[PDB]
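One structure below.
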Amino acid sequence: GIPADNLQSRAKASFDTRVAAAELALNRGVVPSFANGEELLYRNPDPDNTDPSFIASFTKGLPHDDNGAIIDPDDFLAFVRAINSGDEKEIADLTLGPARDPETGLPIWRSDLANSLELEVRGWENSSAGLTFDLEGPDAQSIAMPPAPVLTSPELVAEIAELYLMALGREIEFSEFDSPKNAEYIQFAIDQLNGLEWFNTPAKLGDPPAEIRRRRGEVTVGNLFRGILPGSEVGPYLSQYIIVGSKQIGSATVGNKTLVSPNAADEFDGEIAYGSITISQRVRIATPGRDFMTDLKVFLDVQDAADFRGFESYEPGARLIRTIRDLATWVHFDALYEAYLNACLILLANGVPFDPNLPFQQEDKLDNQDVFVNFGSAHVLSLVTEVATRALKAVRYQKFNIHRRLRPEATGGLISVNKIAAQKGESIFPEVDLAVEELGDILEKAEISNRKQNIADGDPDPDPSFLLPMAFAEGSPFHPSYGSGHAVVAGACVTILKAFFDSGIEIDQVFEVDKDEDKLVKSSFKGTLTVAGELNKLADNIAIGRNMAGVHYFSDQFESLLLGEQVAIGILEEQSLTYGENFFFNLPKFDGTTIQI
Amino acid sequence: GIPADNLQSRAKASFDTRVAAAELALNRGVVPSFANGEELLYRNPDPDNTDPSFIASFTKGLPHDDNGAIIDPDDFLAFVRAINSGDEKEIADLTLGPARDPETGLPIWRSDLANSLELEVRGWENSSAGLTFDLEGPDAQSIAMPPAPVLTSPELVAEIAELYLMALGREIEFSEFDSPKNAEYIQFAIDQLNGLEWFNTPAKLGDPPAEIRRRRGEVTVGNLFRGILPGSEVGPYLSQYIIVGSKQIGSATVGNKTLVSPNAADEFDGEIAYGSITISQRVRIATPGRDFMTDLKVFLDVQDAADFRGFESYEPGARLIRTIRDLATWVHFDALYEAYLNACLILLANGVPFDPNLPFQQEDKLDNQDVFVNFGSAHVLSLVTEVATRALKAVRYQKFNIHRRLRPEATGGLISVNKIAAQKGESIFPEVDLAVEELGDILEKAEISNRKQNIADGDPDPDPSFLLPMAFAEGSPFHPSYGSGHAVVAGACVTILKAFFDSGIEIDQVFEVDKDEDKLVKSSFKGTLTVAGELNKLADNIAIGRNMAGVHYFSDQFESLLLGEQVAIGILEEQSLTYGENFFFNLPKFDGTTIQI
Amino acid sequence: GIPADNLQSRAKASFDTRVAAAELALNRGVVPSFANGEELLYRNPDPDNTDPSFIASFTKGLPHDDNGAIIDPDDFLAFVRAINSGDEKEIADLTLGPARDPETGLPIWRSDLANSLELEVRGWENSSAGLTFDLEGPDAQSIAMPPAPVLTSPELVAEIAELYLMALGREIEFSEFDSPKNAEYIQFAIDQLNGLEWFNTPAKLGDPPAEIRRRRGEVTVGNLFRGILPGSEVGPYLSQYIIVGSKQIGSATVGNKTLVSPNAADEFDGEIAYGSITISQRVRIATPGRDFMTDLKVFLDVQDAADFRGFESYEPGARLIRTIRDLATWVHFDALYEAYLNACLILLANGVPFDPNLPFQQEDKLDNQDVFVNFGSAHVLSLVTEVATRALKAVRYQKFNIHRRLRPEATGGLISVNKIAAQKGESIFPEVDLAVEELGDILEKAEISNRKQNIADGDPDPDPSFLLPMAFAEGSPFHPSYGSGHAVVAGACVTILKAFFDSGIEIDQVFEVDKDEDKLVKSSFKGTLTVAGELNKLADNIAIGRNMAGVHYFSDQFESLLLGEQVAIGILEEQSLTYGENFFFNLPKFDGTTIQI
Amino acid sequence: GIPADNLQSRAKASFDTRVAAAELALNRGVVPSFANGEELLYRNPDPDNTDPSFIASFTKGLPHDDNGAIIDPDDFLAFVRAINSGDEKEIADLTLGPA
Amino acid sequence: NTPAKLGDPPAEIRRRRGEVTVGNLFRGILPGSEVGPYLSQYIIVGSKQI
Ligand SMILES: [Ca+2]
Ligand SMILES: [Ca+2]
Ligand SMILES: [Ca+2]
Ligand SMILES: [Cl-]
Ligand SMILES: [Cl-]
Ligand SMILES: [Cl-]
Ligand SMILES: [Cl-]
Ligand SMILES: [Cl-]
Ligand SMILES: [Cl-]
Ligand SMILES: [Cl-]
Ligand SMILES: [Cl-]
Ligand SMILES: [Cl-]
Ligand SMILES: [Cl-]
Ligand SMILES: [Cl-]
Ligand SMILES: [Cl-]
Ligand SMILES: [Cl-]
Ligand SMILES: [Cl-]
Ligand code: NA
Ligand code: NA
Ligand code: NA
Ligand code: NA
Ligand code: NA
């Protein structure tokens, strides 16, 4: 008899399809995640004491001493148990914030400011989201990020140096990186980073492969404060998709006739056609030169959960992203998929073709089929947004269940406390001795900057402070540094977009923001940009924006981007079982190879 | 021994969780979908001929005769086979468009306009997306929409009357429905609809339950052209969420201190804070009074696949939705989830609380836990968008595999052809005799309107035409009328938003668009609106926008809303197996009851 | 990844719970049941004959000869096949009752009385209920009762002696066991039983363990006619729960105030508060001194199925159980769970605490939770009643499918026939020679008693008769002797009650029935009774009541009590899988150990 | 050969009978229960307040104000969570009665 | 005093009551409840006796 398949009911075929995708995900196997060894390494220096200090772990929210070290190690150990359990009662039983007044229940802050504002505590954001399952994509716990840099490492000294340079450079305009007025600061930054072993010496055979891949070499004005995704280092700093608007309604080709929108110029003035309404690319303007958490008492209050969220001031109006601070403001409040949805809307409005390995992409006189629900605009619009939460569950697992890495502000706190103590011949937080020893010039500029801030904030003669100035009044979100929610979603979202569009398409005209006015100008770049390159650059812009704000390190961002890419790839693979058509997505990966799914 | 559960590996628990969700969906069972009987009822009037005419089926794209009937019944029968197979080759083998010129290869159109533009054909949009499976939610084919109204029915006569009144009312401003200058037309509309049995007589015992649920009673200015979801018929016609902006960055409460955004007024001028950038509620302005497909030859060309997409003209600028035509323009190009994403961004910017039955919604001093990835803003932002494509697969099944209902333009074409023939004592399309008999007054106004359009379009002495004027040059999308992509997505997305937010929260200040200027004014409405009511009203606005454009009937939209609600509910139910927390979504459904999931 | 459990649908969790309980019951394994070997041992004495006689088997209903032996061995063999099949046709095909008159179909009885009453036959009661499955608890056939005593054994001689002593003692008042007027009879009973090997010699090493456990030693006035459950032999003969009433509605503590029912005295006058109505403990009064089946022809008619049910006479009114006969009347008609439901209502009305290892039993200011549905009154009220039918299926299996032991009346029949024949130098039923030889004094008293009865019943000069006088006109129910429906339900029901209540609670005031009036008097008992002890005593009272009626032997009752306890324990164990709470039942068993379930 | 059934042990037949009853109950399928919409409809009339009032819900035992409305909406929300969890500790943590 | 209307929930239609009379006042709607005396025989009568 002739070999055959058999039909079954639609309902069984649907069930079996979903089981087959679960089976595909199971059959990928799982990998463990390794932490960097710091959490039980560093010990309380107190002679009669057998506790870890937890100084290199995220402990924002647990009560800290005057040096920024947690007072009671049980508070961190309890937090770790609650992270692994997820039980709401156990979470509500944790200690959060500083000692409260017995009679009134008020938290007593260190700073006059926090007490005068009557601040309450804020709590951890989804400390057990890494336990949540998902109906699609790699399970949160199936994949890994590699160990984070340790405080004593050349990589960390380079990372924190870079963050102080970004902080002190917040008022520099992207379009003026190479301008004479900025030469002194830009060259100082370049030379300082080039003076560090991470950047000036290559990895050596036998180093961890993750280090080899993410290690950077010579700093130049062309790569200063940029990411390393392919495409990020070519052409202007900002992705086209974060400054240009799009083709507008009314511009169209109808057979042999070209119509021109009466609003066509809006494309070049930062308006994205968003259906029949618009999105403006112009960002709100945080007050220039105002940074936060430059005073130790206010800093410690923030470390003790004081809720400063919403305290920033702004200038009137909005402009195309102009300064480093403006990129920090952009990433303070974005929906995590916002940048990529906006890019997707630009690509759609501009008529950029879909990946030509999808079905039905020919002229309809040939294929009799146009695309929308599947393989067209509605499809990509859902898929680019849906991956974000799947990527976030995986990065929460790394953040809280695995690595619990301290945020940059906390590292700056260690550096400041150490240096102040060393000036009195005392050793506090010797773990950051190398950073203190090597970043003297950068720290002196931060001291001066901090003094000015602390005077402006109303302290006429402040104690010296070497804290990392924060762009945001509350500093980092209430969750660990490694990885990053922004960067994991960036990695997942631009993966979907590069796969779904023809992302080899070249950009026709390249723009930058004008040096003198709030407008676009034609770039002088001579070279070719592609859609994939500008999507990678967008991911790097959002991710590095967090670093420019003071809330992530380079390694957090790069490793998160890779994690997000894995999540998106797994979702595409599982979803491939649901379609009858013969097609695939061509995806150029961050590593320069292409996977066909 | 004490009864117990056992642990297993995380990977097996993830696999078993996905299988258990698939099992929950399979255990719901499936229901058949019934079509209204027309497809094989209406017969080619040719005496020597044993074929159906397919005149009440969607046949846009297949070659039609001078009366708008398909020329070869095999063309439709092959299209039905291609819809149920999905095979790309079989789709590419279909006949699409009319005979082509040997020398140029171009389609030979009927109209001078189409020929002068050298239009090509456009093809069906995802005619087999109803075959696609999904990793989550009810399978596309597991659920049903009820049979559509038949051409001979009181319901259809009422539906098509309403669509002509909307078309002829396209220049009326929402703000001025009750103004003296509009009283003659508004009263004509109300009186005409009240003269129809559907609206002036109740359903009778024994009628189909779906008819009983969707049947409308007495028309008034307060309900004219509105939907029937709860909340839609109270307060102003447009949902707050399609005209108001939101709170802006810089407005906040930090303990006992209030900060005010320097651009706080933008909230009342239609700007949604979209991260740190903005969305403008102002819609592009299609040329007032210009309608399309009012000439029979142009109409037939469109029925024969002529690609008029992109042909509209616009005035400069943008304004808050002002006229009926502006709501048609809004729905011409929206991403399908756009309205609901925008509402969600408003609710988030305004600080509207989440559903209090979610976990962690208390002050953090009580629960030690804030929300983002799960149970907070990132969660809803992905969930509201991801349901769209699942809802679209189900509605594509109903559109193409089940009901294949002709779009309103095609019904208007039958009416026009019938009436013109009857004036010459011939009977063509007796199926629409009742609509012709009953809508004389409306059709006379359409004739006058169509003559003016046809003169403007360059025909100095046009033949009489009773066609339904289209807001869009191409008329309907290239897919069947029943149900609607917009409406099914609206149903799924507002279901998610009502469940995820505390949607009992009351609206503080109610706005409308000013009668005289492009700005918001405080409404005189004196009752109470809720977030759930205004989300339902938003769904109805987008759904009826399609009707006002000429491309759906009332029944298409209402039954699609219900289908979308079922898709979203199923997704929530299946996803409930992935969380460890003790919580549920409270969902007020379209029927007035609440489900807790 | 962290090891985890996964959720599944409620419906699957319910299914899996029920399967897990079936699996628990399966995994207990099963045990065989062994009969005592008599059924094929005793042979028809007729020289040319190769049939068993079946004289030690229950054959009530099959036609018997003049000596009480079945006429046709096929009738018993057919009955056994019908028992094991359960098929209704096969049961209806059996031979039941004596030969019928060919012309009228009437059964022709031996006795003038049965013929004058025109009695018809009664049939076997659920002869195949031991085939029935159950949704909960040990399957009927999974557990066993040990072989019954054989007719030739010292245990049986002791058993039947005791039953004749009870019969001849039916008018003795419990409260007067130790009274001078009864000394002669009471001492005769004590001395006669002490003259038998069963009671006066201990078991020997190597005897069956079941014999060792149920063997009794020295008879005393304190243990005469009592059971051997722990608690039965301490204090007054009758359980408090069969004579005392309860606290009444209106007696309550409300905060610091005590209210006293206007009906409080009813507690001491035998009224149980039964919700807002009452149960009276006072029993109907069967005519003193009237016994049944003392005439051989009437006896044989009863053995031949004559339906004498309902023939007893009563005196007016009702009284607290006073005499041995009154306990026999109590157990003639009780619902099988009645005694224990009544005890449960007493305990509830009196506020006896539930088992403190159940949840929510603390003051509600501590636990915020009171009990009713689960772990409270409604729970125990259903559970104590539901176990009865499960216990009855198991005892039916033993009764009919396994042991088929003759009822005491039939043994008395063998004894009478044997002794009458021996007086004429003939040997009939030599199997009961030992009982005849050893119980001469008891049999002479029965002869005299029987003569008086037979004279009163209208025979002026009766033949001598040594039959066991029956309390009930119909003698035993229509099913075998081993085990007992009453006793198996007693064992199951008091198991539930001891587990569910705090059954270590001590009784405050102990009562007995007054020697002179129908009322309670304070007992002279100096000692402590507990709830568990009085529940065991109640079980023994109901079980021995059947023996006092003439319808069971000691071994029937004790072994049935153990079987019932097993059934209840198995139900509790299986049900333990259905609850989420952390709790268990502490159960003091009949053997003096405690199981925690 | 003549089609037939086969016997099995009594213990397996009892097990299979209990499974078949569980299977009959599972094969009935399940239906959702819908509430009347009031719980999140009625709102605390306090203008500066974004809470439901729960006035049409059973709140006997939670502390009420002088009008019979619960004082703290978290008390009812916690009672709802305790109802759906069943956990004894969570139940014991609820607020029951007044100061 | 008004009947349910077409379109009302089926559960309302089933349980809705009409005109109140002395014969139905404070009674239920199960079949049998509205015929004969208000109290069931089973809550007032005793039984045949032993
Ligand atoms: Ca195509
Ligand atoms: Ca919270
Ligand atoms: Ca309690
Ligand atoms: Cl099916
Ligand atoms: Cl696989
Ligand atoms: Cl995040
Ligand atoms: Cl890969
Ligand atoms: Cl695993
Ligand atoms: Cl299920
Ligand atoms: Cl669609
Ligand atoms: Cl539902
Ligand atoms: Cl279920
Ligand atoms: Cl087991
Ligand atoms: Cl029985
Ligand atoms: Cl046991
Ligand atoms: Cl077995
Ligand atoms: Cl079944
Ligand atoms: Na767009
Ligand atoms: Na590409
Ligand atoms: Na709600
Ligand atoms: Na009681
Ligand atoms: Na006890």
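Each chain in the structure tokens gets a letter, A, B and so on, in the order shown; residues start at 1 in every chain, and ligands are counted from 1 in the order they appear.
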With ligand 10 as the partner and 10 Å as the cut-off, tabulate the residues of chain A that qualify, each row holding the nearest pair of atoms and their distance in Å to one decimal, using only C-alpha atoms and all ligand atoms, sorted by chain and rising number, as CSV.
residue,atom,partner,partner_atom_place_in_ligand_line,distance
A:371,CA,ligand 10,1 (Cl),9.8
A:372,CA,ligand 10,1 (Cl),7.0
A:373,CA,ligand 10,1 (Cl),6.4
A:378,CA,ligand 10,1 (Cl),8.3
Near chain D, meaning an atom within 12 Å, which residues of chain A appear when counting only C-alpha atoms? Write them as a compact mmCIF listing (two decimals) with N, CA, C and O atoms, in the first residue's frame.
# COMPACT_ATOMS: atom_id res chain seq x y z
N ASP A 87 6.91 33.89 46.83
CA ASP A 87 5.67 33.93 47.62
C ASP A 87 5.40 35.36 48.14
O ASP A 87 6.29 36.00 48.69
N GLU A 88 4.17 35.86 47.96
CA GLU A 88 3.87 37.26 48.25
C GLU A 88 4.02 37.56 49.74
O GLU A 88 4.51 38.64 50.11
N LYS A 89 3.61 36.63 50.61
CA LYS A 89 3.74 36.87 52.05
C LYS A 89 5.22 37.01 52.43
O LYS A 89 5.61 37.88 53.22
N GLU A 90 6.05 36.11 51.85
CA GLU A 90 7.46 36.10 52.21
C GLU A 90 8.11 37.41 51.75
O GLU A 90 8.98 37.98 52.43
N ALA A 92 6.48 40.27 51.44
CA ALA A 92 5.97 41.36 52.29
C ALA A 92 6.66 41.31 53.67
O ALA A 92 6.70 42.30 54.38
N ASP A 93 7.22 40.16 54.08
CA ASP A 93 7.91 40.05 55.35
C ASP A 93 9.33 40.61 55.32
O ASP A 93 9.93 40.67 56.38
Residues within 9 Å of residue 195 in chain A, only C-alpha atoms, excluding chain neighbours under 5 positions, as an MDAnalysis selection string:
chainID A and resid 190 200 438
When the cut-off is 12 Å and we count only C-alpha atoms, which residues of chain C are near chain E, given as a ChimeraX atom specification?
/C:277,283-286,309-318,329-330,332-334
Find the residues near ligand 3. Use a cut-off of 7 Å, count only C-alpha atoms and all ligand atoms, and write them as a VMD selection string.
chain C and resid 360 to 364 367 to 371
Nearby residues (only C-alpha atoms) at most 9 Å from residue 15 in chain E, same-chain spacing under 4 positions excluded, as a PDB file with N, CA, C and O atoms, in the first residue's frame:
ATOM      1  N   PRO E  10     -31.855  34.426  30.480  1.00  0.00           N
ATOM      2  CA  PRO E  10     -32.715  33.257  30.721  1.00  0.00           C
ATOM      3  C   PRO E  10     -32.898  32.878  32.193  1.00  0.00           C
ATOM      4  O   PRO E  10     -33.979  32.430  32.587  1.00  0.00           O
ATOM      5  N   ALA E  11     -31.883  33.103  33.028  1.00  0.00           N
ATOM      6  CA  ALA E  11     -32.042  32.799  34.448  1.00  0.00           C
ATOM      7  C   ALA E  11     -33.087  33.725  35.084  1.00  0.00           C
ATOM      8  O   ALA E  11     -33.829  33.285  35.953  1.00  0.00           O
ATOM      9  N   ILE E  29     -41.157  28.789  44.094  1.00  0.00           N
ATOM     10  CA  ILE E  29     -41.702  28.514  42.772  1.00  0.00           C
ATOM     11  C   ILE E  29     -41.379  27.081  42.337  1.00  0.00           C
ATOM     12  O   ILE E  29     -41.665  26.760  41.185  1.00  0.00           O
TER      13      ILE E  29
END
Range 36-53 of chain C surroundings by only C-alpha atoms, 9 Å radius, close-in-sequence under 5 positions cut, as a ChimeraX atom specification:
/C:69-71,73,146-151,403-405,428-429,431
Backbone-only DSSP, helix (DSSP H, G or I) members of range 177-225 of chain A, as a PyMOL selection string
chain A and resi 180-194+197-200+209-214
Just give me the gap between CA of residue 170 in chain C and CA of residue 290 in chain C in Å, one decimal is fine.
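CA of residue 170 in chain C sits 9.6 Å away from CA of residue 290 in chain C.
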Which residues come within 8 Å of range 72-78 of chain D, counting only C-alpha atoms, excluding same-chain residues fewer than 2 positions away, as an MDAnalysis selection string?
(chainID B and resid 356:357 362) or (chainID D and resid 51:54 59 62:63 70 80:82 94:95)
Store the residues picked out above in a file with C-alpha atoms, as a short mmCIF file (atom, residue, chain, number, x, y, z; two decimals), in the first residue's frame.
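Once written, selection09.cif looks like this:
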data_model
loop_
_atom_site.label_atom_id
_atom_site.label_comp_id
_atom_site.auth_asym_id
_atom_site.auth_seq_id
_atom_site.Cartn_x
_atom_site.Cartn_y
_atom_site.Cartn_z
CA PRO B 356 -6.65 45.76 42.32
CA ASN B 357 -7.03 41.96 42.16
CA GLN B 362 -0.58 48.18 47.40
CA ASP D 51 -10.72 52.74 45.31
CA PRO D 52 -13.86 50.62 44.90
CA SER D 53 -16.20 50.84 47.93
CA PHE D 54 -17.17 47.14 47.98
CA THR D 59 -17.66 42.34 54.06
CA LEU D 62 -13.95 43.58 58.14
CA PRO D 63 -13.94 46.91 60.09
CA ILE D 70 -15.44 49.20 55.01
CA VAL D 80 -10.44 37.93 48.45
CA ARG D 81 -6.82 36.78 48.10
CA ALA D 82 -7.17 34.61 51.27
CA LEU D 94 -6.54 39.13 57.82
CA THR D 95 -8.00 42.02 59.79
#
Name each residue within 7 Å of ligand 16, counting only C-alpha atoms and all ligand atoms, as a JSON list (two decimals) with C-alpha atoms, in the first residue's frame.
[["chain", "number", "residue", "atom", "x", "y", "z"],
["C", 30, "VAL", "CA", -6.00, -7.22, 48.85],
["D", 9, "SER", "CA", -8.87, -9.07, 38.95],
["D", 10, "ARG", "CA", -11.52, -7.61, 41.27],
["D", 11, "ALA", "CA", -8.95, -5.04, 42.46],
["D", 12, "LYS", "CA", -8.31, -3.78, 38.92]]
